[PDB]
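Q: Okay, here's the structure, questions in a sec.
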Amino acid sequence: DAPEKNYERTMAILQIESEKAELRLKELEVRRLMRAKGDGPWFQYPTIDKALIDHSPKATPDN
Amino acid sequence: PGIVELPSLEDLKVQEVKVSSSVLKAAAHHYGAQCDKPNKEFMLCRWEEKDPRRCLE
């Protein structure tokens with residue numbers, strides 16, 4: 001093969017792997033911050049839904 | 001937390017309907033038919049604000 005072909009093939013390979021590595025580091029930091037703060041869509045442990053609440057007037061007023 | 005609130009004993013004093021339960025049970029239907037308006041106002045307010053301190057008058 002031509003030296004130019006190997007040169008530009010290597011540059012394309014290096015760009016792809018650098019992008020993947022930076023994305024992996026971003027994923028790790030995102031996971032840590034999401035677990036610590038809890039506000040993202042991940043690590044959202046479910047709680048009790050509020051459609052199971054009876055809102056009718058009950059038989060005793062003090063409730 | 002907060003100091004709980006309570007009306008004074010002069011606000012709770014009232015003349016009492018001092019009759020037995022048989023007097024109430026005998027004339028229950030006439031009492032329900034004749035005095036519906038203040039009874040139902042009291043019941044609506046007592047069920048609405050859920051507080052006996054605000055439902056005294």
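Residue numbering restarts at 1 in every chain; chains get A, B, ... in the order shown in the structure tokens, and ligands count up from 1 in that same order.
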Taking the DSSP assignment computed from this structure's backbone, write out as number ranges by chain all residues of range 11-57 of chain B that belong to helix (DSSP H, G or I).

A: B: 21-26, 28-34, 36-49

Q: Compute the set of chain B residues within 9 Å of chain A, using only C-alpha atoms, and express it as a PyMOL selection string.

A: chain B and resi 43+46-52

Q: How about saving the chosen residues, N, CA, C and O atoms kept, as a compact mmCIF listing (two decimals), in the first residue's frame?

A:
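Saved result, out_37.txt, follows:
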```
# COMPACT_ATOMS: atom_id res chain seq x y z
N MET B 43 -71.90 21.32 59.33
CA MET B 43 -71.32 20.10 58.77
C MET B 43 -70.45 20.39 57.56
O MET B 43 -69.37 19.81 57.42
N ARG B 46 -67.24 22.07 58.90
CA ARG B 46 -66.43 21.11 59.65
C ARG B 46 -65.78 20.09 58.73
O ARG B 46 -64.65 19.66 58.98
N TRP B 47 -66.47 19.68 57.67
CA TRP B 47 -65.84 18.80 56.69
C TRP B 47 -64.90 19.55 55.76
O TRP B 47 -64.03 18.92 55.16
N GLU B 48 -65.06 20.86 55.61
CA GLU B 48 -64.25 21.59 54.65
C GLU B 48 -62.89 21.98 55.21
O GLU B 48 -61.85 21.69 54.61
N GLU B 49 -62.86 22.64 56.37
CA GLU B 49 -61.56 23.12 56.84
C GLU B 49 -60.85 22.17 57.79
O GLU B 49 -59.69 22.44 58.13
N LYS B 50 -61.50 21.09 58.21
CA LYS B 50 -60.89 20.02 59.01
C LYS B 50 -60.27 20.54 60.31
O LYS B 50 -59.19 20.11 60.71
N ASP B 51 -60.96 21.46 60.97
CA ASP B 51 -60.40 22.04 62.18
C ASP B 51 -61.52 22.39 63.15
O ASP B 51 -62.44 23.13 62.79
N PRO B 52 -61.48 21.88 64.38
CA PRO B 52 -62.51 22.25 65.36
C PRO B 52 -62.25 23.59 66.03
O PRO B 52 -63.18 24.14 66.64
```

Q: Please identify all polymer residues within 9 Å of residue 42 in chain B, counting only C-alpha atoms, omitting same-chain residues fewer than 5 positions from it, and present them as a ChimeraX atom specification.

A: /B:37,47,55,57

Q: Could you write out that same residue set with C-alpha atoms as an mmCIF file, in the first residue's frame?

A:
```cif
data_model
loop_
_atom_site.group_PDB
_atom_site.id
_atom_site.type_symbol
_atom_site.label_atom_id
_atom_site.label_comp_id
_atom_site.auth_asym_id
_atom_site.auth_seq_id
_atom_site.Cartn_x
_atom_site.Cartn_y
_atom_site.Cartn_z
ATOM 1 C CA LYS B 37 -79.775 24.938 57.652
ATOM 2 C CA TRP B 47 -65.840 18.804 56.692
ATOM 3 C CA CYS B 55 -65.535 25.745 63.675
ATOM 4 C CA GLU B 57 -69.293 29.782 66.263
#
```

Q: Give me the residues within 8 Å of range 12-26 of chain B as an NGL selection string, counting only C-alpha atoms and dropping any in the same chain fewer than 4 places off.

A: :B and (7-8 or 56)

Q: Export, as a JSON list (two decimals), in the first residue's frame, the selected residues with N, CA and C atoms.

A:
```json
[["chain", "number", "residue", "atom", "x", "y", "z"],
["B", 7, "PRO", "N", -58.17, 27.66, 71.71],
["B", 7, "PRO", "CA", -59.01, 28.76, 72.18],
["B", 7, "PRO", "C", -59.22, 28.71, 73.69],
["B", 8, "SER", "N", -59.44, 29.89, 74.27],
["B", 8, "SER", "CA", -59.62, 29.99, 75.70],
["B", 8, "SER", "C", -60.97, 29.42, 76.12],
["B", 56, "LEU", "N", -66.15, 26.94, 65.70],
["B", 56, "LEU", "CA", -66.74, 27.06, 67.03],
["B", 56, "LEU", "C", -68.03, 27.86, 67.04]]
```

Q: For the atom pair CA of residue 16 in chain A and CA of residue 32 in chain A, what is the interatomic distance in Å to one decimal place?

A: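 One can read the CA of residue 16 in chain A to CA of residue 32 in chain A distance as 24.8 Å.
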
Q: Quick one: everything within 8 Å of residue 34 in chain A, counting only C-alpha atoms, minus sequence neighbours fewer than 6 positions away in the same chain. Send it as a VMD selection string.

A: chain A and resid 40 42 to 43

Q: How would the residues just picked look written out with N, CA and C atoms as a PDB file, in the first residue's frame?

A:
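The resulting file, out16.pdb, is shown below:
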```pdb
ATOM      1  N   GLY A  40     -31.084  13.101  37.360  1.00  0.00           N
ATOM      2  CA  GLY A  40     -31.174  12.653  35.989  1.00  0.00           C
ATOM      3  C   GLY A  40     -32.133  11.497  35.830  1.00  0.00           C
ATOM      4  N   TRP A  42     -31.364   8.527  35.127  1.00  0.00           N
ATOM      5  CA  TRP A  42     -30.814   7.286  35.644  1.00  0.00           C
ATOM      6  C   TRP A  42     -30.889   7.269  37.168  1.00  0.00           C
ATOM      7  N   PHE A  43     -30.850   6.052  37.723  1.00  0.00           N
ATOM      8  CA  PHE A  43     -30.906   5.796  39.168  1.00  0.00           C
ATOM      9  C   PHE A  43     -32.176   6.362  39.796  1.00  0.00           C
TER      10      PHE A  43
END
```
